[PDB]
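Single-structure report; data block below.
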Ligand SMILES: Nc1ncnc2c1ncn2[C@@H]1O[C@H](COP(=O)(O)OP(=O)(O)OC[C@H]2O[C@@H](O)[C@H](O)[C@@H]2O)[C@@H](O)[C@H]1O
Ligand SMILES: [Mg+2]
Ligand SMILES: [Mg+2]
Ligand SMILES: [Mg+2]
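Protein chains in written order, with the deposited numbering: chain A, 339 to 386; chain B, 1206 to 1396, 1402 to 1494; chain C, 1158 to 1168, 1198 to 1254.
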């Protein structure tokens, strides 16, 4: 869709560092890689 | 705004535990002592070779580095090898033992290790790309640029994702090497008569993206991997839709993935993704 | 959908088909005519292979017929 075309890596990284506060680069990297690893199959995630 | 913040001088430092070495630890060094342009008088690296490389297989060089001509194409067992680097200064050889020295900086470990060949391990990488399209058919666009999908395999060594590619065979060119690595690792052929013809029509157009030193953990001071990246772009997407991905040989699972700036891959493959999104003018 | 697809379509080379097909040559497809000449009443010309077609190849056993 048109509204999601401004979605970026860095606002998602600021969202993960907003809600989790990992206090490390590697833990934020592992949580961002886990959150991008969950959404890799498009059939398996249904967003309501 | 930030202050005295340096965006540069981020040299690659390998981890001190070597992979699959059984707890063998290399010499821990700082990032300023990584390149050989810096002095580092207290740098005492260890010398380690793997016991699979010490049993002398068919894909490995012998254990004496004497009478081996580097920076030129050499004939080993009647087979052509490249044996040259992409460095501008070139590969240097230590005259005390005959072993070469890596021009891209010291890694804190000597010998060959898990790498079979002395000097430059020449690798070829296969990046097969298609456009990320909708179910309606429109190409997906993020941040004012188009969005690419690429085939990624999962390695059996480190249990994490990488691009398809591998080391060069003796007596073979890079177009045979990248095609055999994409057939064995990504496609799983070996270990169709129309899908193979569509795969040959996909493989008929291949452009060289980059030729860069790998940031691998397996690189020692006398053995280092330099690779060449071949891109196979399907602009129509009809050839990429007929490829059935199945993991084989040195790969566990192979699937399509979306390229982005926060990718977590093996070694320096994000630089190759930045080069192929610079070449095909896509999102990064 | 046609306007969106039209704006989507408006927007060191190497060949690696050796490793998939094998020893397959895309070139050397020289034209060979059929041995029956058209409207000749059953007159047959000399049958030759595709490698003996050009005159850069030698072909010592090539004995063509002469027909007007
Ligand atoms: N020069 C070599 N060095 C080490 N191992 C080798 C070599 N040549 C053959 N081998 C053996 O063959 C296998 C290598 O598989 P490849 O597909 O050739 O390479 P792979 O390790 O799967 O991929 C390496 C890829 O990672 C990147 O660093 C680099 O770009 C390269 O393309 C290993 O099991 C190893 O035992
Ligand atoms: Mg291999
Ligand atoms: Mg492999
Ligand atoms: Mg392999």
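We treat Cβ as the ideally placed atom computed from N, Cα and C, and that holds for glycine.
Here residue 1462 (chain B) is exposed. Its C-beta has fewer than 16 other C-beta atoms within 10 Å. Residue 1371 (chain B) has its CB nearer than 6 Å to a heavy atom of ligand 4. Leaving aside the five residues that flank residue 1240 (chain C) on each side, the residues in its chain whose CB is nearer than 7 Å to its CB run, in chain order, 1216.
Taken through DSSP and simplified to helix, strand or coil, residue 1292 (chain B) comes out as coil. For residue 1302 (chain B) and residue 1435 (chain B), the gap between their C-alpha atoms comes out near 21 Å. Following the DSSP letters along the chain, one finds residue 1418 (chain B) inside the beta strand (DSSP E) bounded by residues 1416-1423.
Ranked by how close their Cα comes to the Cα of residue 1470 (chain B), the residues B:1482, B:1464 and B:1460 have B:1482 in first place. The Cβ-Cβ distance between residue 1416 (chain B) and residue 1440 (chain B) falls below 7 Å.
Identification of residues in the segment 1228-1245 of chain C having a C-beta nearer than 7 Å to some C-beta of chain B yields an empty set.
The three-state reading of DSSP puts residue 1279 (chain B) in strand, counting E and B together. From the beta-carbon of residue 1159 (chain C), no residue of chain B is found nearer than 8 Å; the closest lies around 10 Å away.
By the neighbour-count criterion, in which a residue is buried when 16 or more other Cβ atoms sit within 10 angstroms of its Cβ, residue 376 (chain A) is exposed. Contact between residue 1347 (chain B) and residue 343 (chain A) holds, since their C-beta atoms are separated by about 6 Å, short of 8 Å. Against chain A, the beta carbon of residue 1470 (chain B) has neighbours under 7 Å at 347, listed in chain order. In terms of Cβ geometry, residue 1396 (chain B) and residue 1330 (chain B) do not form a close pair [threshold 7 Å].
Of the heavy atoms belonging to ligand 1, none sits nearer than 6 Å to the Cβ of residue 1434 (chain B). Spatial neighbours of residue 1285 (chain B) in its own chain (CB-CB distance under 7 Å, excluding positions within 5 residues in sequence) are listed in chain order as 1278 and 1376. When distances are taken from the beta-carbon of residue 1445 (chain B) to the heavy atoms of ligand 3, even the shortest one reaches 6 Å or more.
The segment 1362-1382 of chain B makes contact with the segment 1326-1345 of chain B; the number of CB pairs closer than 8 Å reaches 3 or more.
Judged by the Cβ position, residue 1460 (chain B) qualifies as a neighbour of ligand 4 at the 6 Å threshold, a heavy atom of the ligand being closer than this. In the three-state reduction of the DSSP assignment, residue 1448 (chain B) falls in the helix class. For residue 1419 (chain B), same chain residues with a beta-carbon under 6 Å away, outside a window of 5 residues either side, are 1439, 1441, 1485, 1486 and 1489 in chain order.
Between residue 1384 (chain B) and residue 1213 (chain C), the C-beta spacing is not below 7 Å. It is roughly 16 Å from the alpha-carbon of residue 1243 (chain B) to the alpha-carbon of residue 1294 (chain B).
In this structure, ligand 3 has a non-hydrogen atom nearer than 6 Å to the beta-carbon of residue 1390 (chain B). Residue 358 (chain A) and residue 1409 (chain B) have their C-alpha atoms some 45 Å from each other. With a cutoff of 7 Å on beta-carbon distance, residue 1305 (chain B) and residue 1321 (chain B) are scored as not near each other. Judged by their CB atoms, residue 1249 (chain C) and residue 1223 (chain C) are not nearer to each other than the 7 Å cut-off.
When the five nearest sequence neighbours on each side are left out, the beta carbons in the same chain lying within less than 8 Å of the beta carbon of residue 1388 (chain B) are those of 1394 and 1395, in order along the chain. Secondary-structure assignment with DSSP links residue 1216 (chain C) through no beta bridge to anything. Residue 1207 (chain B) sits exposed, since fewer than 16 C-beta atoms from the chains shown fall within 10 Å of its C-beta. Only exposed fits residue 1158 (chain C), as fewer than 16 other CB atoms lie within 10 angstroms of its CB. With contacts defined as CB atoms closer than 7 Å, residue 1335 (chain B) and residue 1450 (chain B) qualify as a contacting pair. Judged by DSSP secondary structure, residue 356 (chain A) falls within the alpha helix (DSSP H) whose first and last residues are 347-357.
Within chain C, the C-beta atoms nearer than 7 Å to that of residue 1388 (chain B) come from 1205 and 1206, in chain order. Less than 7 Å divides the Cβ of residue 1405 (chain B) from the Cβ of residue 1452 (chain B).
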